[PDB]
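We use all heavy atoms of the structure for the numbers below, so side chains are in, but hydrogens, waters and symmetry mates are not. Order of the sequence lines fixes the chain letters, A, B, ..., with proteins taken first and strands second; residue numbering starts at 1 for each chain.
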Amino acid sequence: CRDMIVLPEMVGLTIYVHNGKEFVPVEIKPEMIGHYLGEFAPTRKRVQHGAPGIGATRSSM
Amino acid sequence: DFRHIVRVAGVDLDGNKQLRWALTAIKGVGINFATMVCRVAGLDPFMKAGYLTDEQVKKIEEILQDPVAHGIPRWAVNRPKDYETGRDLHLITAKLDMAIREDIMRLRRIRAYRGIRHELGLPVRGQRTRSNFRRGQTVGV
Amino acid sequence: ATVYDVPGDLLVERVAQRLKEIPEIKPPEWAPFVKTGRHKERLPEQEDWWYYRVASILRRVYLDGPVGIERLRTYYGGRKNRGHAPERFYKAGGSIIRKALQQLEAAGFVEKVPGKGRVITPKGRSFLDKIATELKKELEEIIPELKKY
Amino acid sequence: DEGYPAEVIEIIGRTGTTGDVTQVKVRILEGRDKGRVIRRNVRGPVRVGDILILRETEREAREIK
Amino acid sequence: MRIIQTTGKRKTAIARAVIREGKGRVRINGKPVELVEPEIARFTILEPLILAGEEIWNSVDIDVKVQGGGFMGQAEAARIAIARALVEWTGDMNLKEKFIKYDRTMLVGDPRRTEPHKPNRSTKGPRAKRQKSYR
Amino acid sequence: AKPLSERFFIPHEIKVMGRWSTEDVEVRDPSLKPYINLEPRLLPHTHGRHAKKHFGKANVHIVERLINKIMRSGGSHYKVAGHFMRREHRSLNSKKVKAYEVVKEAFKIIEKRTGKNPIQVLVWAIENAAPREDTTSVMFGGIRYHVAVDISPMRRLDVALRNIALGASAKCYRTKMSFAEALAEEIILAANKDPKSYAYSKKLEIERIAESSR
Amino acid sequence: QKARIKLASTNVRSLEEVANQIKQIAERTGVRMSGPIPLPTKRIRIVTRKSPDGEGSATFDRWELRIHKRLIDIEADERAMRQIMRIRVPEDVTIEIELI
RNA sequence: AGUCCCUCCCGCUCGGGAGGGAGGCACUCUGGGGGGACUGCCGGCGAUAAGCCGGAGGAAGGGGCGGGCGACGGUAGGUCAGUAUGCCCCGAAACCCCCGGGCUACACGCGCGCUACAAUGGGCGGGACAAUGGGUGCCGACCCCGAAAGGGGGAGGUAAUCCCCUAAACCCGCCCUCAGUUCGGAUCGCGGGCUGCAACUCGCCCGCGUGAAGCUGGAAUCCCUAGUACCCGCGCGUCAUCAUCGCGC
RNA sequence: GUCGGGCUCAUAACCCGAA
Ligand SMILES: [Mg+2]
Ligand SMILES: [Mg+2]
Ligand SMILES: [Mg+2]
Ligand SMILES: [Mg+2]
Ligand SMILES: [Mg+2]
Ligand SMILES: [Mg+2]
Ligand SMILES: [Mg+2]
Ligand SMILES: [Mg+2]
Ligand SMILES: [Mg+2]
Ligand SMILES: [Mg+2]
Ligand SMILES: [Mg+2]
Ligand SMILES: [Mg+2]
Ligand SMILES: [Mg+2]
Ligand SMILES: [Mg+2]
Ligand SMILES: [Mg+2]
Ligand SMILES: [Mg+2]
Ligand SMILES: [Mg+2]
């Protein structure tokens, strides 16, 4: 349930939120009140770019 | 009578400008809000800023201290329903900057998606990033 | 002489000046703080804009009655600048128009036709046409071609 | 200093790289060779009865096919 | 009591004019013609009356109802209607010959209409097209 | 500002814009005389009915030709005084009312400044701005060369009008001067053969290049 | 005491035939019948891309269906109402009769 | 539109306007049928043919103007991921359903556009004139509430009847006066709404605040011959919600 | 000499900008 809103009674617990392939742990702090759970389980990996390949520029084709 | 420079709430204002536009040099005050405060003070928005008196400057600073208590509607302030106290507040300059910094820091402390976007310096309001938002230099093949 | 015989803007100016003498016309308490619609950017620059809007609405009821809130909202709308997106037409808000119509009815100048809108009373017609006659008298001193009409 | 006027009396044909030029026969109206008929090359639309202002009257265009 | 009716058209604007003996009053949708704005529109309507002359102008009254089109289409349609009414009412051929010399369209009209739009940038026009690229 | 007698102006005679007669206007150049139309007419707006027929523009009143010339952007695909002037959404393309008012205000300024009938001053300017000799291009060995030719009167008229309009367009671009004042200034300068005029200098340059390529 | 007859069809000839037959019936008896009033034609236009794939220059079809209409007024008299009520229009014609 | 009656306004009514009813089909319009243009008439060029060039008259003049309809074939051009179909494969999974993700990532190269770089303007108040289409799983006048977005009731409409629907560019008056500005509005903070089973990933709208690059563009290169191009808004498709697009006005 | 863009069906030659 990524669309569940965090309520004051959930503070202090630990909940494992699905992100597409795995359940990731989220520890509820008081300043989290009012946010969706999915906001704390990113679904994409940060991008670290490599070298541009063949066809990446007009003169490389 | 006329003064070329008038300091209001710790900001140097032009004296040859209309009062309503002169007030916008304060960070936190745009043209609409400045017209509202001029009207509440009982002052002509089109008078030159250099004809002000000391009592008028004091009154303007008092209005800017607490606009809501002086009759400015609660939907016109730049920080309604403050996160800490719950009141309807209006801030200028250093206090405004520190409140914005605190909001971003609070987002970052709980590791919310928006806070991570702030940290990495990437757009935070759902934009596509493949084509535009490029700031750098071309990579070679 | 009638409303049809004089330029509209000059008549609205004269009527707005004459409306300040009627005790039933008073700006609301939120009037100092609002725009006239989502397609505007800045507040009105005249301290007495309420009387101009009221006079325009009265002349509009005279010419096109019976007429209701929604169609007047069409009339007072306009084009909006949307940043990087193209400009578009939008309607005006309703509170100003509804309050002006209620005040005009309180003054006896307009009245309500059920399910149809608001129309000008004989008193309102006389009020407008007298000012139009006065303006036309002044006007034909400098435009002699207006004496035949 | 002010040129000499000449009247177009006959149209010969189009010329130039892109067809923008017309060759004509003109009769001089003023000056030393008043009455002489010569052929000239002109840029722009022209019809019989027009008047040109020649800055000199000793150059004649080569006859075209 | 003579009443004469005439019609004029210009690109979806339609004008119907009525003429009878009067004092020189000309109204357009209820407004005196002397107060029409802008000036360029006002001069469009007034040309036939000035051509006819002050004697004929002051001896009639003209009422014109016009709908459709825009502010320049409506002025020209009213101009056509007024010119046709003036030639029919007074019935003299010097004035008619005067209209044809100054502006033939005053009496014969204008048949032009918009060309329907076509694909490849249809919203812009029948002939304008998208910029072409090869690489 | 503008008096009500001018806001609601009623003319009673057939003359240009109801304000100026062209009865004493003379055209000195014998070549341009049959192409500068001066027949009496009140409103200079023919609704573009002349362009279809060949040589149709000859019988179009000169003031309407000027109005048509200024109804433009100015610098789209070539530079004027060193710049493109692409105005796009704030140009005068297809806005004939604004161009009409620009010409009217320029005429009033001209008449006040010189004391003469504005049509006469405009005629003098176009006479001084009309070139008499031009060039055509040839190619040899990958090099482009000039060859001198004569100019027909209709092209002379068109070029003079275009250059007067472009000069006015350049004088008001991103400066405190207004379009009407710039047009009046350009016309007056061209009438007096001042090299400060764009059209007259252009006229001199064209003739010099044609002369040195015979 | 008057009846209103509404007609519609995709074919002009059949529509004309039915209206003329009703007119003949109204002529065959002493009764006034307001002439068949033509209402504006209803047009259904649909524009579609021609190619099944998305390769090549885009080209379009403009398909149209036209529905014509008529209106007839007659005074409800039984000697005349029986003759009109027993008429059979072709299958491609809609007929609707009401009393006002 | 002319004509009769009733009511209300004005310079107090000799005259001038606005509604409503009786009445009419004149005028506009709607849509069936018909007329009209044929190089027919006149003068030249060509041959005395085929035709071409210029005139009258004309609403229209030389395929009158704008569209539909694309021969025998080729292009091993695109499409089996619209549907049809041979062969080869999977056939307890490569078939059938449910939940959560992704197609929306971001050092960077490119296409087509939108908004600008301001006075051939920005703002504020006032005044003008459209057409195409669409509506019962819907269009909604009119009244009330709210500063706005929006909310609560609801006439009429299965439609030449009711509704979407009082466009913008344009015109008048006042402020700003050549400045990174009263130009530009990207980016971000706080708050208020709508659709939906669901709005974080990943929707649209409103109020206050914030205020990036940009001061006209190298070599190159595109569209267009008349109600055309430029400039300005609007309708329909898609659609629960969402238009910087397509097709049209 | 490096990097990027133009021109060409494409590559080389050629043109432009930049560090
Ligand atoms: Mg408006
Ligand atoms: Mg803008
Ligand atoms: Mg735009
Ligand atoms: Mg078009
Ligand atoms: Mg054809
Ligand atoms: Mg293949
Ligand atoms: Mg291929
Ligand atoms: Mg995709
Ligand atoms: Mg701005
Ligand atoms: Mg405005
Ligand atoms: Mg700024
Ligand atoms: Mg928020
Ligand atoms: Mg979201
Ligand atoms: Mg900068
Ligand atoms: Mg600048
Ligand atoms: Mg698409
Ligand atoms: Mg190469």
Side-chain angles (χ1 to χ4, degrees), chain A residues 2-3 18 20-21 36 38-39 43-44 47 49 52 56-58, chain B residues 21 28 30 33 73 75-81 100 103 113 126 128-130 134 136 138-140, chain C residues 1-2 4 8-9 12 30 33-34 38 42 44-46 49 52 56 68 70-71 74-75 79 83-86 89 93 95 115-117 122 125-126 129 133, chain E residues 3 5 7 12 14 16 18 37-38 68-71 74 108-109 111-117 119 122-123 127-133, chain F residues 48 51-52 83-87 90-94 97 172 174-176 178-179, chain G residues 16 38-40 47 52-53 55-56:
Chain A
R2 289 179 60 91
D3 66 332
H18 195 248
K21 69 169 312 173
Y36 293 97
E39 296 185 45
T43 56
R44 294 196 196 76
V47 174
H49 279 301
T57 55
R58 189 81 94 195
Chain B
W21 284 111
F33 190 89
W75 47 261
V77 304
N78 60 9
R79 191 161 178 89
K81 201 184 200 179
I100 295 178
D103 288 320
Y113 168 89
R128 305 281 208 94
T129 60
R130 182 172 172 189
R134 292 184 188 192
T138 131
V139 211
Chain C
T2 61
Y4 298 98
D9 49 308
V12 167
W30 42 264
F33 311 120
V34 305
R38 73 191 283 191
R42 298 168 187 164
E45 287 173 346
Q46 286 177 320
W49 62 271
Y52 282 74
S56 183
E70 240 60 30
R71 306 187 182 273
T74 301
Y75 175 84
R79 179 178 65 147
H84 279 182
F89 177 85
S95 297
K116 303 288 285 293
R125 180 174 297 268
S126 186
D129 282 328
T133 303
Chain E
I3 294 294
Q5 300 171 322
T7 306
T12 74
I14 305 171
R16 296 169 280 183
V18 191
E37 310 189 74
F71 81 92
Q74 285 197 347
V108 302
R112 291 177 293 171
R113 300 292 187 279
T114 60
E115 178 183 344
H117 293 200
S122 170
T123 189
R127 313 198 177 183
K129 295 175 187 71
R130 191 191 209 208
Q131 183 170 290
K132 192 171 182 180
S133 63
Chain F
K52 256 200 171 314
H83 290 300
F84 290 133
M85 297 191 292
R86 294 160 179 174
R87 291 186 234 257
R90 54 175 211 257
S91 56
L92 295 190
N93 285 304
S94 83
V97 179
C172 74
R174 301 192 291 182
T175 76
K176 195 182 175 184
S178 71
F179 199 7
Chain G
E16 294 280 332
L39 297 174
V47 180
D53 59 314
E55 181 261 5

Does [X] put a side-chain nitrogen or oxygen below 4.0 Å from OP1 or OP2 of [N]?
X      : N       : value
B/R134 : H/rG109 : yes
E/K129 : H/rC224 : yes
C/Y4   : H/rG16  : no
A/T43  : H/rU201 : no
E/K132 : H/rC112 : no
E/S122 : H/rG248 : yes
C/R71  : H/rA141 : no
C/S95  : H/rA148 : yes
A/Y36  : H/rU201 : no
C/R38  : H/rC206 : yes
A/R44  : H/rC103 : yes
B/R128 : H/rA105 : no
C/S126 : H/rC10  : yes
E/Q131 : H/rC223 : no

With a 3.5 Å cut-off and heavy atoms only, can you find an N or O donor on one side and an acceptor on the other between the side chain of [X] and the base of [N]?
X      : N       : result
G/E55  : H/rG77  : yes
F/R90  : H/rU115 : no
C/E45  : H/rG123 : yes
E/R130 : H/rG111 : no

G-U wobble or Watson-Crick pair formed by [N] and [M] (both under 3.5 Å):
N       : M       : result
H/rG35  : H/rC222 : no
H/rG173 : H/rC124 : yes
H/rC190 : H/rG207 : yes
H/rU30  : H/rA226 : no
H/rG237 : H/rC245 : yes
H/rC249 : H/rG109 : no
H/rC45  : H/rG51  : yes
H/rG211 : H/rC117 : no
H/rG68  : H/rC200 : no

Flag as yes if A/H49 stacks onto the base of H/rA107 (centroids under 5.5 Å, planes under 30°), otherwise no. yes
What does [X] touch in the nucleic acid at a heavy-atom separation under 4.0 angstrom: a base, only the sugar-phosphate, or nothing?
X      : answer
F/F84  : base
F/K52  : sugar-phosphate
A/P52  : base
E/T7   : sugar-phosphate
A/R2   : base
E/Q5   : base
C/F33  : nothing
E/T114 : sugar-phosphate

Distance between P atoms of H/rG211 and H/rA220 (Å, rounded): 44 Å
Using atom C1' of each nucleotide, how far apart are H/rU120 and H/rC230 to the nearest Å? 14 Å
Along RNA chain H (nearest heavy atom to each residue), the more 5'-positioned of B/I100 and C/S56: C/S56
Using heavy-atom distances to pick each residue's nearest nucleotide on RNA chain H, tell me which of B/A76 and C/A1 is more 5'. C/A1
d(CH2, B/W75; P, H/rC206) in whole Å: 16 Å
For A/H18, does its backbone N or O pair with a side-chain atom of A/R2 as donor and acceptor, under 3.5 Å? yes
H/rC38, syn or anti by chi within 90 degrees of zero: syn
